[PDB]
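Chemist: A structural model of the following input is requested.
(2 chains, ligands or ions: 16)
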Amino acid sequence: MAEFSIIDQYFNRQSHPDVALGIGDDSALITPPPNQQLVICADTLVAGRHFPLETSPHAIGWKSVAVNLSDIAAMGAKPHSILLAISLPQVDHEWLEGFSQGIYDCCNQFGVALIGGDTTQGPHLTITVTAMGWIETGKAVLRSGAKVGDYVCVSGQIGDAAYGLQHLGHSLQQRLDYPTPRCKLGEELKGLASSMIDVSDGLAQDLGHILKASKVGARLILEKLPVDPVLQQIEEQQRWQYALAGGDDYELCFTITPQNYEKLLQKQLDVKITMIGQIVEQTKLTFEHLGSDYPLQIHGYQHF
Amino acid sequence: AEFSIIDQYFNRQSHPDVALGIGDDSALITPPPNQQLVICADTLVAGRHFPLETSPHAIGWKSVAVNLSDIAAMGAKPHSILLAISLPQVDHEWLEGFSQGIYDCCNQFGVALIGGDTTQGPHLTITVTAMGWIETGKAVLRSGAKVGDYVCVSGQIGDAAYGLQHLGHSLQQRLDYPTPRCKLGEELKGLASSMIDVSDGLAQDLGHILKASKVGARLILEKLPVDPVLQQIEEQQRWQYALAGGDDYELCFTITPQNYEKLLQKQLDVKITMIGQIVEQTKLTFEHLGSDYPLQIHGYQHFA
Ligand SMILES: Nc1ncnc2c1ncn2[C@@H]1O[C@H](COP(=O)(O)OP(=O)(O)O)[C@@H](O)[C@H]1O
Ligand SMILES: Nc1ncnc2c1ncn2[C@@H]1O[C@H](COP(=O)(O)OP(=O)(O)O)[C@@H](O)[C@H]1O
Ligand SMILES: Cc1ncc(C[n+]2csc(CCOP(=O)(O)OP(=O)(O)O)c2C)c(N)n1
Ligand SMILES: Cc1ncc(C[n+]2csc(CCOP(=O)(O)OP(=O)(O)O)c2C)c(N)n1
Ligand SMILES: [Mg+2]
Ligand SMILES: [Mg+2]
Ligand SMILES: [Mg+2]
Ligand SMILES: [Mg+2]
Ligand SMILES: [Mg+2]
Ligand SMILES: [Mg+2]
Ligand SMILES: [Mg+2]
Ligand SMILES: [Mg+2]
Ligand code: NA
Ligand code: NA
Ligand code: NA
Ligand code: NA
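Modeler: Numbering: from 1, shown residues only, chains lettered A, B, ... in the order given. Ligands and ions are numbered 1, 2, ... in the order given. Please find the structure below.
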């Protein structure tokens, strides 16, 4: 079984009616919805670096899609379709069946179509997914735009996936293996959030991209960070390391005025929202604990 | 480090046809009116899609070229690319040459680099996503070939496959620096009845058209456009390079006699050769000096 049978056997379910031309030709074709901009991103997952080597093939496929839908959500946009480029050393039916199942389970959960890609042989498992979304023209939430006085907020919990990586077997491994892209929240933040980013590297480092892009600073309250009860029971130091520098969260961190935060809380959401601090004028990220300044040194995930 | 790599090598101005380029979670494109998005992605694996010692400039060039080739194969105009690279080491001399190759190909064809992803991985792997636009409904597909249509191919075929086995020969330039036939693809909109780019080998790639169109073809072996160097080698090897070599990135297309006459009236920037015609019998056969010529051909396939 070779390249072309592989595509047909695992990556060629019937295309959505809303896709002008799916898998089968030199490119895919999409008809843009009217009065909307294309939103596009791509992220690579390297075996043994973005996930443990023994990660289940289903989880590998899920996360490959999930982390890229998360980057669409971080813009306020609605995801539409993906391309899948996979390089793998060996043809393993069992692995490919479970991997394609994770691809399609994530796509199906968020209404996304798989419309093309590329399948190659290479010595190390390497997956690049390109994601495409659409957004009302002009309405994208940027990493710039945060203003002094805006609240700093984050969805869900932070630190779960990082704790899980260090405690494989623990229930919190599910947050490492199966992050949830906050797609509907991202769309609900269109027109409310003044800036936004998804927490892939670590909350402090990813907030920092907003602070640099907006030429502002932020003061965070450590005891308001939303952590899992398990992390609430570990020592404070390691708890805040996990929460602020763990990464792999794929939650949304955003800024928002107090008035728009009240409108956001009136909405029906599928995820917890926590206000964790405020944007300030001084161009520094600082931490507060029990009403006093808390010095804290911290580094997020960077390749190389 | 990762963030310095992007800023130093992959962050040239955006440019004008791009609402939001590099620096956010996704890129933003305002679609031109009355046009469909054309999108594709191809992966290059070091030591497999190019000799390990290929210059970084040629690696960058080809990474873009092979993807513009799949846009050209639809009759579409290329617009922008994303670049996903997994690198074992940070090498500034390599990165300078590679990024220069990326941009030299983009600049030659009016294409913007609007985003991507940079990761560490044990083996050099590059996936470019290419985006183009086509007047709605006017894409040239792999289906559509009709009995009586001529089979044509641009340029020369076999050059790159010869160069790969004769590294150091002048024809290595066609391996290292294929030319995507962008303008020709555009000029075949409304003229070609079907089209594919010849990445795997003319016989196999024409085979994809034959299967999608439910027709066959008869090719005239002495009409195949080969380099003078291949004209001087034994004819069996000549035909294997020409028909199963791959890596040509020429356009193979079908066209009515009537529309072929119109194509010739255009001032084209590449040679065009009529090499045979579509027939009812659903087989690819070869003819040489007026008689059937049996030929066993196997084009490129991963895991084969
Ligand atoms: N893993 C994949 N998932 C989805 N579609 C894929 C995948 N690999 C390839 N494809 C699709 O299968 C078709 C054949 O792929 P390919 O032979 O690589 O095309 P080309 O030779 O034009 O680059 C294309 O339509 C491509 O987008
Ligand atoms: N090699 C590259 N070429 C072009 N753009 C790139 C490349 N690598 C990353 N980018 C861009 O740099 C920015 C930051 O990348 P990254 O930190 O990986 O984003 P994210 O964490 O949201 O996935 C993005 O805008 C991305 O599109
Ligand atoms: C085996 C293993 N080691 C380490 C990690 C942690 N990790 C890997 S990548 C990463 C950051 C997210 O990946 P990146 O490539 O930076 O994604 P992007 O910012 O492009 O979305 C983290 C915290 C992991 N998930 N698995
Ligand atoms: C070192 C090396 N070995 C072999 C080849 C030949 N080769 C590699 S890939 C390929 C076909 C084109 O690659 P593929 O991944 O199938 O591209 P696609 O069809 O997706 O465009 C050929 C002929 C090469 N260029 N370099
Ligand atoms: Mg092609
Ligand atoms: Mg990224
Ligand atoms: Mg990302
Ligand atoms: Mg391909
Ligand atoms: Mg990152
Ligand atoms: Mg992001
Ligand atoms: Mg291709
Ligand atoms: Mg191929
Ligand atoms: Na990305
Ligand atoms: Na990444
Ligand atoms: Na492709
Ligand atoms: Na390929």
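Chemist: show me which residues of the stretch 201-304 of chain A sit near ligand 3.
Modeler: Proximity of the stretch 201-304 of chain A to ligand 3 is confined to A:201, A:247-248, A:301 under the rule C-beta under 6 Å from any ligand atom. For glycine as for every other residue, the C-beta is placed from the backbone atoms N, C-alpha and C.
Chemist: name the nearest residue to the residue in the stretch 1-150 of chain A that ligand 5 sits nearest to, sequence neighbours excluded.
Modeler: Ranked by C-beta to the ion, the top residue of the stretch 1-150 of chain A for proximity to ligand 5 is residue A:26, at 3.7 Å. In space, residue A:26 comes closest to residue B:73 once its chain neighbours are excluded; the distance is 3.8 Å by C-beta to C-beta, 6 or more residues apart in numbering or on different chains.
Chemist: quick one: contacts for that neighbour?
Modeler: A:26-27, B:140, B:185, B:195-197, B:251 (C-beta atoms under 8 Å, 6 or more residues apart in numbering or on different chains).
Chemist: ok, 6 Å please
Modeler: Residues near residue B:73 by C-beta atoms under 6 Å, 6 or more residues apart in numbering or on different chains: A:26, B:195-197.
Chemist: out of those residues, who's the most crowded?
Modeler: When neighbours are counted by other C-beta atoms under 10 Å in any protein chain shown, residue B:195 leads those with 29 neighbours.
Chemist: ok, it - contacts?
Modeler: By C-beta under 6 Å, 6+ apart, the neighbours of residue B:195 are B:73, B:140, B:253.
Chemist: show me those that map onto strands.
Modeler: Counted as lying in strands by DSSP state E, out of those, are residue B:253.
Chemist: closest one to ligand 3 out of the contacts of residue B:195, please.
Modeler: Ligand 3 lies nearest to residue B:73 out of these, by C-beta to the nearest ligand atom, at 30.0 Å.
Chemist: on that earlier part again, next one: the residue nearest to residue A:26 from ligand 1, what distance?
Modeler: Here residue B:73 is placed at a distance of 7 Å from ligand 1 (C-beta to the nearest ligand atom, to the nearest Å).
Chemist: quick one: that residue from residue B:174, how far?
Modeler: 18 Å (C-beta to C-beta, to the nearest Å).
Chemist: on that earlier part again, how about the contacts of residue B:73 in TSV, adding distance to ligand 3?
Modeler: As requested, the contacts of residue B:73 are arranged in TSV below (distance: C-beta to the nearest ligand atom, whole Å):
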residue	distance to ligand 3
A:26	28
B:195	35
B:196	33
B:197	30
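Chemist: all strands for the stretch 151-300 of chain A, in order.
Modeler: A:151-155, A:195-198, A:217-221, A:252-256, A:273-280, A:285-289, A:292-293 (DSSP state E, counting those that start in this stretch).
Chemist: the longest one vs strand A:252-256, what angle?
Modeler: In this case it means strand A:273-280. 50 degrees (axes from the mean of the first three to the mean of the last three C-alpha atoms, to 10 degrees).
Chemist: and strand A:273-280, what does it pack against?
Modeler: Packing partners of strand A:273-280 (3 or more C-beta pairs under 6 Å, 6 or more residues apart in numbering or on different chains; DSSP states H and E): strand A:151-155, strand A:217-221.
Chemist: tell me which of those strands sits most buried.
Modeler: Highest mean neighbour count of the helices and strands packed on strand A:273-280: strand A:151-155, a mean of 24 (counted as mean count of other C-beta atoms under 10 Å in any protein chain shown).
Chemist: how far off strand A:273-280 does that one point, in degrees?
Modeler: For strand A:151-155 against strand A:273-280, the angle by the same axes, to 10 degrees is 150 degrees.
Chemist: what about residue A:144, how many residues nearby?
Modeler: Other residues close to residue A:144 by other C-beta under 10 Å number 16.
Chemist: now it: closest residue in space, sequence neighbours ignored.
Modeler: Closest residue to residue A:144 apart from its sequence neighbours, by C-beta to C-beta, 6+ apart: residue A:213 at 4.4 Å.
Chemist: try residue A:299
Modeler: Spatial nearest neighbour of residue A:299, excluding adjacent residues (C-beta to C-beta, 6+ apart): residue A:245 at 6.2 Å.
Chemist: in contact with the one you found, which residues?
Modeler: Residue A:245 touches A:202, A:298, A:300, counting by C-beta under 6 Å, 6+ apart.
Chemist: need the contact list for the second one.
Modeler: I take that to be residue A:298. A:204, A:244-245.
Chemist: relative to residue A:247, how far out is it?
Modeler: Taken as C-beta to C-beta, the span from residue A:298 to residue A:247 is 12 Å.
Chemist: need phi/psi at whichever residue of the stretch 151-300 of chain A sits closest to ligand 4.
Modeler: Nearest residue of the stretch 151-300 of chain A to ligand 4 (C-beta to the nearest ligand atom) works out as residue A:181 at 28.2 Å. Backbone torsions of residue A:181, given as degrees, to the nearest 10, read phi -70, psi 130.
Chemist: count of neighbours near it?
Modeler: Residues near residue A:181, counting by other C-beta under 10 Å: 28.
Chemist: repeat that for residue A:8.
Modeler: Residue A:8: 12 neighbours (other C-beta under 10 Å).
Chemist: please apply the same query to residue A:230.
Modeler: 17.
Chemist: which non-adjacent residue is nearest it?
Modeler: residue A:172 (6.4 Å).
Chemist: any idea how far that neighbour is from residue A:282?
Modeler: For residue A:172, the distance to residue A:282 (C-beta to C-beta) stands at 35 Å.
Chemist: tell me which of those two has more neighbours.
Modeler: residue A:172 (23 against 11).
Chemist: which residues touch the more buried one?
Modeler: Residues in contact with residue A:172 (C-beta under 6 Å, 6+ apart) are A:160, A:163-164.
Chemist: residue A:293 pairs with what?
Modeler: Beta bridges link residue A:293 to residue A:288 when assigned by DSSP bridges.
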